[PDB]
Structures are given as C-alpha cells and as structure tokens.
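What follows is one structure encoded as structure tokens, with my remarks underneath.
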Amino acid sequence: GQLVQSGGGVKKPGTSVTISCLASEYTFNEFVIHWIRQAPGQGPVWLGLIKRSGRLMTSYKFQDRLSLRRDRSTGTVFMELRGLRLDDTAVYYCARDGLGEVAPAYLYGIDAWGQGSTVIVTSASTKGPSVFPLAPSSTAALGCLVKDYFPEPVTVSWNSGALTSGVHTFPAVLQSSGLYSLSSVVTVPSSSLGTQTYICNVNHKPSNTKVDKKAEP
Amino acid sequence: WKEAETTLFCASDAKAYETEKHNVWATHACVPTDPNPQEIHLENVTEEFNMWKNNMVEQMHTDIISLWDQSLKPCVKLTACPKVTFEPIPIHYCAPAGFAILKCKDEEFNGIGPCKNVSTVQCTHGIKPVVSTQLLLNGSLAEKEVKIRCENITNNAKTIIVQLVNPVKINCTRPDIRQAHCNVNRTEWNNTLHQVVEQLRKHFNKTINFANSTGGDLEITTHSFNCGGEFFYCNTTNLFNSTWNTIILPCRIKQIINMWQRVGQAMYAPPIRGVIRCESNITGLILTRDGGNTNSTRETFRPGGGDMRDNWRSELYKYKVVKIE
Amino acid sequence: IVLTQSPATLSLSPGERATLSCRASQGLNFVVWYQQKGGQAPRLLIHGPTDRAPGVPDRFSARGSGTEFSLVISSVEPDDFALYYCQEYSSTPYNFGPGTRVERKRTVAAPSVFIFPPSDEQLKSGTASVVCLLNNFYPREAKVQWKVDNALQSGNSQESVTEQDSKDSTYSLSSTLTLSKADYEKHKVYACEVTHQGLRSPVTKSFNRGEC
Ligand SMILES: *[C@@H]1O[C@H](CO)[C@@H](O)[C@H](O)[C@H]1NC(C)=O
Ligand SMILES: *[C@@H]1O[C@H](CO)[C@@H](O)[C@H](O)[C@H]1NC(C)=O
Ligand SMILES: *[C@@H]1O[C@H](CO)[C@@H](O)[C@H](O)[C@H]1NC(C)=O
Ligand SMILES: *[C@@H]1O[C@H](CO)[C@@H](O)[C@H](O)[C@H]1NC(C)=O
Ligand SMILES: *[C@@H]1O[C@H](CO)[C@@H](O)[C@H](O)[C@H]1NC(C)=O
C-alpha cells in the first residue's frame, strides 16, 4: 500500500537475517520508519528506527546484534538481525510514523505498516508429524497428539470429516526443538465409547504425510 | 489575525549579469528588496512561536529544492553537466497583501513558546541558504550567549540545534586530485565546546561527552558541504572527541553524491584542477543525543544533520506568519 | 519508560461501554492506541497528540494525562472484540503496553478437566508427553499447575488456548508437560491442578504410572 517488504523466513540459529522495506518516495522522504517485531502471543517490541534525515537509532537491547541502514538510491530501508535465536522468531514489520515531524498537523502515530516478514529461527528441516493417541478415560474426552512436524500447517479431521460436534483442534505450539506440536481433542458420550470408533485423520501436505490414527481404550 | 499558512514571496539583491546559480535562480523567483524596509514594534502584545511547527521552514525547503533541481541538474540516475558557480546569497521572505510576519526580538528566545517583545515586518532578514551537515556555516549568531534549541530535550530522537555567539573560521582548501582538508583554531574550538557544555549543563544533572557520528550515509557522518561547485566531505572526528567535568580535518571531494532533496543519486564531473578554498564562519551546530542507555557517568552528543529543514529552522525560528484580518 | 495496561481481559456484551486503561512509569504527554486482530498488523486508532486517526469510527475516544491514560469505546460492536495496545514516545526504546484483550461477556463456566498419559506408542520414541485438557470454560483466565510425585514442575510444560468460540463463547486449553522416558519412568503420580473462577477449590486430576 505504502510500505512493501521482503524479509527472510526459516533461519538456522546463529545465522543472521536481513529484512528490507521498500517505501513510497513520500513516506521515505518525509517519515520515520520503525522496525518492530512481534512474537506469537506477545505484544509488539520496538527494535529501532530510521529518521528522514538518515539518522539511525537502535534499541539498546539489540544494538550488539542489530544493524539498520537505508539506501538513498532506491528508497529502501533495512534491518539486519545477527546471532539469531529461536526466541527471535517473530513477525517483523517496518512501519512509518510522522513523529511530529511531518509538515501538516505534526502528528505522532504509526499509521502505515508493511505486510510483515515472518522469521522462524530453527535448524529443523521439513518433517512430517508423529501422531500419538490420547485414549478415553475410565461425558468422555479423547484425542490425537500431533507432535514434531515442520513447517506449518497440518490439517486434522475426525472420522473422515464426519465428526465436527464438540471438537477442538488447538493452535500449534513451537517446541524447543524448533518443531511444532499440537493436539486435537473431542468430547463424546460415555455410552458411545464402547461402540463408536473414533479416528483422527491428520495431513501434513508439506511432507506429503497423511496419517489416519484411531485412538481407542 | 491568527497564524495562517500561505505562500510567501522572496526578495534579494541577486545580480542579473552573474551566471552564479543562486543569482540566476533569485533573478527568476525573487524580486528586488525594498530600499527602506519598515519594522514596527507591537507594544503590550504576547504571541506564541514554534520553530519546529513552522510552515515558513517548509516553504523554504520546497524553494531550495526547486532551486537545486533547476540550477545544478547534472546527470544520473536516469539522465549534460556543465560546471557552475556556487555561492549562496541572502534571501528575504516577504508577506503578500493581507498577511504579515511577526518577528520575535526577544533576547535568548529558546525557539518555542511565549514572546512578549514581538514586532511585525515586511520581510525576514537576508538568509543565505547554505547546505551543510553537522556544522552550520555563514549563519546568524545569538548576541548574548550560545543558544541550544529542541522540541523536547528529553526525547533522544529529537535533533538539537546549537546557535553560537562567537563564530569560528574554518578554512577548507584543495591545492590525489580529490584530497582536500579543513583547518580551524583548536583553543577557540575547545572554548566553543565549553560554551556548549555550559548550556547543556544547565539542563543536566549529568556529565557531558562528545563523540563522532555513529554511522549512516556519508553526508551525515561527515561535515558535508558545497564549495565552488564541488562537494566536500570532512571527517569531524577531531572536532567531537571530548569529556567535561590548530585542528586539521581530512576531507574528500565526491563525484557521486546523494541528493538531500529526493530519493536517487547525482553524479558530477571530477573537480576542476587548480585552486579550491572556502573560508567560512561556523555559527552553529546540529547535535543528536544517544539516550536509551545513558549512565550516571556519560551523556553522549554527536554531530547531526541531513534534514535541511533544520538548517532553515536555525534562521527562521524567530519568525511566524499571520493573516492580518 | 514503561507502560502497563489494565485489565488483562475485558468481558463485554455488544452495546456496552468499553474502557481500557494504560499506566505509565513516568509523566507522559500522551499515549497512542492500536487495535490488533489475529494474524494482522496493529491498526492505529488514536493519533498523538490526541484525538483519533482517519478512518476510525466515532465510537472510539481516548483520554488521560500525565501517568494515566484510557481508551474508551462508547458502544461496543462485534468488530471491536480484539487486542488493544497502548504506545509511548518519550524516548527510545519506545515501549508498547502488554495489551488488553476484549472478549464477549458470558456466564461463568467451570472447565471440564481431563488428563492424558503418554501412549505406549510414544514412549518408544524416547520422549513422553503428559497432557492436561481444560474444556469449555469462562472467563479465559485459568491457571494450570503440574506435579510429579508432589514435585512442582516449572518451565517444562507448554499451554495452548483456542480462540473464544463463536458459537458458545467459551475457551478450551491444553497443557503439555514434556518429560524424557527415563524421567517419566522414575515417577509414579502425575497430576495437573486447575485454578479457575468456576471452581470453588482448585481441581486436581491425576494418574498413577502403570495402572489402567
Ligand atoms: C523588548 O524589545 C526590545 C527592542 O525594543 C528588545 O531588545 C528586548 O529584548 C525586548 N525585551 C526583552 C525582555 O527581551
Ligand atoms: C576519521 O578520523 C578518525 C581519526 O582521525 C579515523 O580513525 C577514521 O578512520 C576516519 N574515518 C574516515 C572515514 O575518514
Ligand atoms: C568515528 O570515530 C571512531 C573512533 O572514534 C572511528 O573508528 C571511526 O572510523 C570514525 N568515523 C567517523 C566518520 O568519524
Ligand atoms: C561562506 O561565506 C563566504 C563569504 O561570504 C563565502 O566566500 C564562502 O564560499 C561561504 N561558504 C559556504 C560553505 O557557504
Ligand atoms: C517532553 O515530554 C515529556 C513526556 O513525554 C513531558 O514530561 C515534558 O514536559 C515535555 N517537554 C516539555 C517542555 O514540557
């Protein structure tokens, strides 16, 4: 719309990542451009900014690993984040702000954002999930645990998609390995546990992996 | 009659026989100055000013932009480049009919807020549009003491503009055909740093330190300026290493420069052989403070620049426009 | 400076007046506010200085001074259920608040709690996952605590929570405690303890290793 960007993606730990942010001439000429990241389930974190003067400013907490630069030839701004760690995994935005520095109104406020660049730091390669069953108790609960796959997404259905009532498929969590894991559960009558057959159908397209696993007592 | 933004016009004593490009521009865009210019004092009147939220600055910026685009335009990045004579002349900005300029004559006006000894004028003083970073050259000086100005000193992101009261001559000279250098008196510069540290000290509460620029484009890390049509880039490391309770700066001329006025690049011919020398009055500085990680032992200030609006701001700070109705 | 927001969650019915709070460690002139929905970038609501950015509807207003600021939504619409962050400009680094989640109000609902031992299949892989499921509860705030033979497990479990269900306005939550096999084989009693408004005493669900 106003700010385009094209940052990297999967990075192995220890490496560096460079994210560019192509700006309109007006924004680039008149506005500040922040670099801001956001990890999953967390709020935004300010990393640094580039003023229209060319001044570079970085967050004290990233200054040893973070380098900002601007290209006055093309109207692009950049951030390089080095020594990547799994917890640098986040969506990275460049985003503009007049900062009381534009000519009319003199307003602060981040009014235009780039689309964001997702950076995932890990050493994991494409991998299909292992699907383990979560067996019913003694209303009963049953499910599938879909562990250790990369990258997203996996899809899960039950009984070939013929079971939607009372099903919860949790959003995936990224484990300390750098591989994902999720669970898919369903609540069902205790009377039907003896007779009704329950099968979760998992599909991880990125690895051409499809598994149908029946979890039973 | 309340502050209103409108297009001003400019006046100057440019010379029509002269192909010097400021004279050529001014001849077309500006008019001759009024022989006996009137200035009227406004008794019992207080009026607010804000140099950082001043449209006059923007108009001047736009004007100088069109000036460079008309006068200089060599080649690159998508496009003839004869050499040109470059030496800024003073420009006056004047109010049309139905408008008026208020001028703050208050001593030691820090740039923002109430001014009580306000007057009205037809034209601004003559302002030479000197393009420079980190140091302000050939500008105006506060009469009483150095004056430092900021939108909010506590916002480290916000630029600081220092106005000197004694000027410091700086002589730059080119007799490697691209190697040049600038000279200034050390003891007087030490004393300049001192008069700045005293005013910074008024705010701090903190022991002051000066460092060279941390990085960025060549234009803002060095003292970048024009001289005889050639673009100088001077290492200011020697001006800005200091800690508080003659100096030769090595310079380089660059053919490939960034255009301060738009995205792209300009490329010029190599400098002419022979004699290049500029003797300039250092009259102010643009500084930036690090913040974020200060420490009770050091406050770091570094040479700034890049947004030329601040250059204009250093001269237009005393003025505001109103719709006289 | 630092900004803190309250409450963590605001439960509201459509039509009700929402007021979100932002507190600053030192004196500020203003703060700006952002709305964020999942998967999208923040959307500026309130410019700085105040009041509100272009495109922002009338129901949005903001106020405060000094240390204290708030964002007010006069009559909440379905579109307004989202996360709201405040943001500060006093100096770098510019801090964002932790955010206040606005959700749909409902009658308190206790979770249905279930626990799942690691499968015999999984134990082969050399790892063991113990899962505690909390089904269809409200409000969203709930605390899970793991114990292995009365040893509090800290740092070695992970929780995941569904989005508020569009049909019954409840949440569900999983907590997975991860142990190696060797460590799992070494302990008998595995338990998860749940604390929640819908429970008058925290509820513990547990199992003994090797017993059906
Ligand atoms: C009052 O106006 C005079 C000019 O007549 C000016 O020099 C002086 O600075 C003004 N007053 C103050 C307190 O500055
Ligand atoms: C600037 O000067 C300092 C000290 O004189 C020197 O260490 C540095 O390398 C110089 N850099 C440039 C780009 O001139
Ligand atoms: C700035 O100073 C540092 C050391 O003081 C030096 O390493 C660097 O090259 C200098 N560069 C400029 C442009 O002053
Ligand atoms: C400064 O002024 C002198 C005399 O007015 C002039 O010769 C010189 O070229 C100017 N220098 C700059 C950098 O404007
Ligand atoms: C600068 O901003 C701070 C808070 O952001 C405020 O306390 C201070 O008063 C402002 N500056 C002035 C001159 O008021």
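Residue numbers (the deposited numbering), protein chains in the order written: chain H, 2 to 82, 82A to 82C, 83 to 100, 100A to 100H, 101 to 128, 135 to 213; chain G, 45 to 123, 204 to 299, 325 to 353, 356 to 396, 413 to 492; chain L, 2 to 27, 29 to 214. The C-beta atom is built at its ideal place from N, Cα and C for all residues, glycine as well.
Residue j beta carbon less than 7 Å from that of residue i
| i | j | result |
| --- | --- | --- |
| residue 444(G) | residue 95(G) | no |
| residue 115(G) | residue 65(G) | yes |
| residue 139(H) | residue 180(H) | yes |
| residue 30(L) | residue 112(L) | no |
| residue 262(G) | residue 271(G) | no |
| residue 380(G) | residue 210(G) | yes |
| residue 198(H) | residue 142(H) | yes |
| residue 214(H) | residue 91(H) | Nothing about residue 214(H) can be reported from this structure: the residues present for chain H run from 2 to 213 only. |
| residue 255(G) | residue 451(G) | no |
| residue 3(H) | residue 21(H) | no |
| residue 439(G) | residue 223(G) | no |
| residue 75(G) | residue 55(G) | yes |
| residue 237(G) | residue 214(G) | no |
| residue 98(L) | residue 42(H) | no |
| residue 331(G) | residue 418(G) | yes |
| residue 189(H) | residue 126(H) | yes |
| residue 211(H) | residue 124(H) | yes |
| residue 226(G) | residue 91(G) | yes |
For residue j and residue i, believed in contact at Cβ under 8 Å, the rounded distance
| i | j | result |
| --- | --- | --- |
| residue 137(L) | residue 170(L) | The Cβ separation is near 11 Å, so there is no contact. |
| residue 47(G) | residue 488(G) | 7 Å |
| residue 175(L) | residue 144(L) | 6 Å |
| residue 100G(H) | residue 50(L) | 5 Å |
| residue 108(H) | residue 10(H) | 6 Å |
| residue 1(L) | residue 74(L) | Outside the modelled stretch of chain L, which goes from 2 to 214, sits residue 1(L), for which no answer is possible. |
| residue 69(H) | residue 18(H) | That belief does not hold up - the Cβ atoms of residue 69(H) and residue 18(H) are roughly 13 Å apart, past 8 Å. |
Sequence-distant residues of the same chain with beta carbon closer than 6 Å to residue i, five excluded per side
| i | result |
| --- | --- |
| residue 7(L) | 22 |
| residue 476(G) | 101 and 105 |
| residue 85(L) | 38, 101 and 103 |
| residue 447(G) | 261, 262 and 294 |
| residue 28(H) | 3 and 94 |
| residue 186(L) | 130 |
| residue 50(H) | 33, 35 and 58 |
| residue 470(G) | 258, 364, 387 and 391 |
DSSP bridge partner residues for residue i (one or two, in chain order)
| i | result |
| --- | --- |
| residue 117(H) | 146(H) |
| residue 87(L) | 36(L) |
| residue 92(G) | 238(G) |
| residue 104(G) | Answer by DSSP bridge pairing: none, since residue 104(G) is not bridged. |
| residue 129(H) | In the model as presented, chain H runs from 128 straight to 135, which leaves residue 129(H) without coordinates. |
| residue 103(H) | 93(H) |
| residue 71(L) | 23(L) and 66(L) |
| residue 161(L) | 177(L) |
| residue 256(G) | 376(G) |
| residue 488(G) | 225(G) |
Contact set for residue i: own chain, Cβ-Cβ below 7 Å, skip 5 residues either direction
| i | result |
| --- | --- |
| residue 112(G) | 428 |
| residue 31(H) | 53 and 100 |
| residue 118(G) | 205, 433, 434 and 435 |
| residue 151(L) | 189, 190 and 191 |
| residue 425(G) | 368, 370 and 432 |
| residue 156(H) | 197 |
| residue 148(H) | 168 and 176 |
| residue 88(H) | 38, 39, 40 and 109 |
| residue 482(G) | 251, 263 and 264 |
| residue 204(L) | 195, 196 and 197 |
| residue 71(G) | 58 and 60 |
Neighbourhood of residue i by C-beta distance below 8 Å, restricted to the same chain and skipping five residues each side
| i | result |
| --- | --- |
| residue 24(L) | 4, 5, 6, 7, 69, 70 and 71 |
| residue 392(G) | 361, 362 and 363 |
| residue 334(G) | 292, 293, 413 and 414 |
| residue 464(G) | 358 |
| residue 101(H) | 94, 95 and 96 |
Ligand 6 heavy atom lying under 6 Å from the CB of residue i
| i | result |
| --- | --- |
| residue 389(G) | For ligand 6, the structure offers nothing, since it holds only ligand 1, ligand 2, ligand 3, ligand 4 and ligand 5. |
Which ranges does the beta strand (DSSP E) cover as unbroken runs of at least 3 residues, wholly within the region 189-214 of chain L, from first to last along the chain? As far as the region 189-214 of chain L is concerned, its whole beta strand (DSSP E) runs of at least 3 residues are 191-197 and 205-210.
Only counting runs of 4 or more residues, tell me where the alpha helix (DSSP H) segments fall wholly within the region 24-52 of chain H, in order along the chain. 26-31
Quick one: complete beta strand (DSSP E) runs, 3+ long, within the region 46-97 of chain G? Taken in chain order, the unbroken stretches of beta strand (DSSP E) that lie wholly in the region 46-97 of chain G and span 3 residues or more are 53-55, 83-85 and 91-94.
Of all the beta strand (DSSP E) runs that stay within the bounds of the region 427-479 of chain G, which reach a length of 3 or more residues? 432-434, 443-456 and 466-470
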